Q: 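Supplied in structure tokens, the structure appears directly below.
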Amino acid sequence: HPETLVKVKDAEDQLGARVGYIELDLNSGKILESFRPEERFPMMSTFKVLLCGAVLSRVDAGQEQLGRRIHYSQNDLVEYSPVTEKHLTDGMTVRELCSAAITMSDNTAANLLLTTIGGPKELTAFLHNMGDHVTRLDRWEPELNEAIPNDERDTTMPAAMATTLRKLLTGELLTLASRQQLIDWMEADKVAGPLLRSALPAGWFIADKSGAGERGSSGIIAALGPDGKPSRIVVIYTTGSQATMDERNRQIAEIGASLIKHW
């Protein structure tokens, strides 16, 4: 609904920066509303949903096991690894690593998983192969969050991310078991409370993944809907703002409020 585009433009005025937006019908894949659908934006931690979809794809093909344990050391630890820094001695299973990457945005967990699938280059190939010809991962945590103005490295387009999340969650790319596992991880998201979740009516469903990076970059991808069932996908990205994280979050939450109001 155009009233939601009004809030997105307000967001741009408030943040003094570009805001990309997509509202997508989960069932049919129809694009209900959009703003800068085909401009590029840094993915930040939202790429972790894509990463774990690729891991799950390998599991469906029997090339990987959710229960396989992965050991690592101090040399692997990067900034913000809230879960991986605790299990250094025990190591962690692939399953535990995706949970950490998705629900806690654990950076080391993502790098560990990135290695098991062949790194940024293979994630990009996986995406292209499933029909996303624009989304690309080029670096590892934490450099992928650099968001250099105009840098296309580690970016997606709102329209592309939206349909890619749709294929991963409801398409035939993954088995029913994996699709469900991916959305369960996103539903258990623990660090996106200040964003869309803050404007969600009680009783609604939401599986999401947010991100934040340098140069005022923030973002979120999500499958949400009333009556405990997801029925639309919403993607929101912004970069270039001098605004604080709280201010960026308030803006994204307001966009969420408008989408819900005009549902």
Side-chain angles (χ1 to χ4, degrees), residues 8 11-12 15-24 31 33-55 78-80 101-102 105 107 110-111 113-114 117-169 173 186 191-192 195-196 208-223 233-243 245 248-249 251-252 255:
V8 177
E12 290 205 349
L15 304 177
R18 297 184 300 137
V19 172
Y21 176 67
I22 294 293
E23 190 199 10
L24 193 70
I31 294 272
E33 205 69 73
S34 75
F35 195 85
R36 299 184 191 282
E38 299 197 46
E39 284 187 40
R40 284 182 176 281
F41 295 81
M43 287 189 286
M44 300 157 299
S45 284
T46 63
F47 89 94
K48 295 174 187 164
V49 164
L50 302 184
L51 170 56
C52 285
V55 172
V78 296
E79 61 171 2
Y80 189 67
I102 292 169
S105 278
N107 279 353
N111 282 356
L113 295 166
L114 263 175
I117 62 163
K121 195 170 291 76
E122 287 322 300
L123 180 47
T124 295
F126 168 79
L127 291 170
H128 193 290
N129 192 63
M130 68 173 281
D132 189 329
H133 294 182
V134 303
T135 303
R136 58 182 288 190
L137 190 74
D138 303 81
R139 292 169 290 181
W140 304 63
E141 290 286 1
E143 312 79 82
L144 57 87
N145 304 278
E146 209 184 352
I148 295 183
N150 267 82
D151 193 355
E152 310 207 322
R153 287 180 294 177
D154 311 296
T155 55
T156 186
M157 292 180 176
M161 176 60 70
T163 57
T164 286
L165 182 54
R166 169 165 185 277
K167 305 184 201 314
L168 286 167
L169 301 179
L173 179 63
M186 296 184 66
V191 305
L195 298 165
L196 302 183
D208 57 5
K209 187 69 194 77
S210 59
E214 300 181 47
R215 284 169 264 288
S217 302
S218 307
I220 187 168
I221 63 182
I233 277 177
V234 170
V235 170
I236 308 172
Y237 288 103
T238 184
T239 191
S241 179
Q242 294 278 194
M245 290 186 290
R248 272 171 270 148
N249 296 338
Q251 288 309 312
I252 292 172
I255 294 176

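The chain is numbered in sequence order, starting from 1.
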Q: Indicate yes or no: at least one non-hydrogen side-chain atom of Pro42 is less than 4.5 angstrom from one of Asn145.
A: no
Q: So do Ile102 and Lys209 actually touch side chain to side chain, heavy atoms under 4.5 Å?
A: yes
Q: Quick check: do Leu195 and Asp208 have side-chain heavy atoms less than 4.5 Å from each other?
A: no
Q: Please give me the minimum heavy-atom distance between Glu79 and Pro142, naming the atom from each residue.
A: OE2-CB, 3.6 Å
Q: In Å, rounded to the nearest 0.5 Å, how long is the span from CZ of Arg153 to CE of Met43?
A: 12.5 Å
Q: Are the side chains of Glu12 and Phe35 in touch, meaning some heavy atoms are under 4.5 Å apart?
A: yes
Q: Closest approach of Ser217 and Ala147, non-hydrogen atoms and distance?
A: OG-CB, 3.4 Å
Q: Kindly determine whether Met186 and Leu165 satisfy side chain to side chain contact (heavy atoms under 4.5 Å, CB included), including the steps that lead there.
A: CA-CA 11 Å; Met186 296 184 66; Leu165 182 54; 4.0 Å; yes
Q: Looking only at heavy atoms, which two atoms of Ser241 and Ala17 are closest? And how far apart?
A: N-CB, 3.5 Å
Q: Just so I know, are the side chains of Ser45 and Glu141 near enough to count as touching, which here means a heavy-atom distance under 4.5 Å?
A: yes
Q: Counting only heavy atoms not in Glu38 (residues, nucleotides, ligands), do more than 12 fall under 6.0 Å from its CD?
A: no
Q: Give, for atom CD1 of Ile221 and atom CD1 of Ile22, the distance between the pair rounded to the nearest 0.5 Å.
A: 13.0 Å
Q: Got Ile117 and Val55 here, is their nearest side-chain heavy-atom distance under 4.5 Å?
A: yes
Q: Do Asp151 and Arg139 meet the salt-bridge criterion of a basic N to acidic O distance under 4.0 Å?
A: yes
Q: Hey, are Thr46 and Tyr237 close enough side-chain-wise for a donor-acceptor pair under 3.5 Å?
A: yes
Q: Rounded to the nearest 0.5 Å, what separation is found between the OG1 atom of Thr155 and the CD atom of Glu39?
A: 11.5 Å
Q: Taking all non-hydrogen atoms of both residues, which atom of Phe47 and which atom of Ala110 are closest, and how far apart?
A: CZ-CB, 3.9 Å
Q: Keeping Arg248 on the side-chain end and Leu15 on the backbone end, is there a donor-acceptor pair under 3.5 Å?
A: no
Q: Is the closest side-chain heavy-atom distance between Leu114 and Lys48 below 4.5 Å?
A: no
Q: Please identify which of these residues, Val235, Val234, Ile252, meets the side chain to side chain contact (heavy atoms under 4.5 Å, CB included) condition with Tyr21.
A: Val234
Q: Locate the shortest heavy-atom distance separating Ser105 from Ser210; write the atom from each residue and the value.
A: OG-O, 4.1 Å
Q: With rounding to the nearest 0.5 Å, note down the distance linking CD in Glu122 to CG in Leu127.
A: 11.0 Å
Q: Test your reading of the model: is there a side-chain donor-acceptor pair from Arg215 to the backbone of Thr239, 3.5 Å cut-off?
A: no
Q: With no hydrogens and no angle check, is any side-chain donor or acceptor of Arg18 less than 3.5 Å from a backbone partner on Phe41?
A: no
Q: Looking only at non-hydrogen atoms, find the nearest pair between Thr163 and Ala160 and report the distance.
A: OG1-O, 3.1 Å
Q: How many angstroms lie between CG in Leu137 and OG1 in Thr124, if you round to the nearest 0.5 Å?
A: 5.5 Å
Q: Quick one: does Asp132's side chain get under 4.5 Å of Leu50's, heavy atoms only?
A: no
Q: Please evaluate residues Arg166 and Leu24 with respect to the criterion side chain to side chain contact (heavy atoms under 4.5 Å, CB included), reporting the C-alpha separation (whole Å), side-chain torsions for both, the decisive distance (0.1 Å), and the verdict.
A: CA-CA 9 Å; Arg166 169 165 185 277; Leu24 193 70; 4.3 Å; yes
Q: Quick one: pull up CE in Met130 and OG1 in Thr164 and give me the separation to the nearest 0.5 Å.
A: 4.5 Å
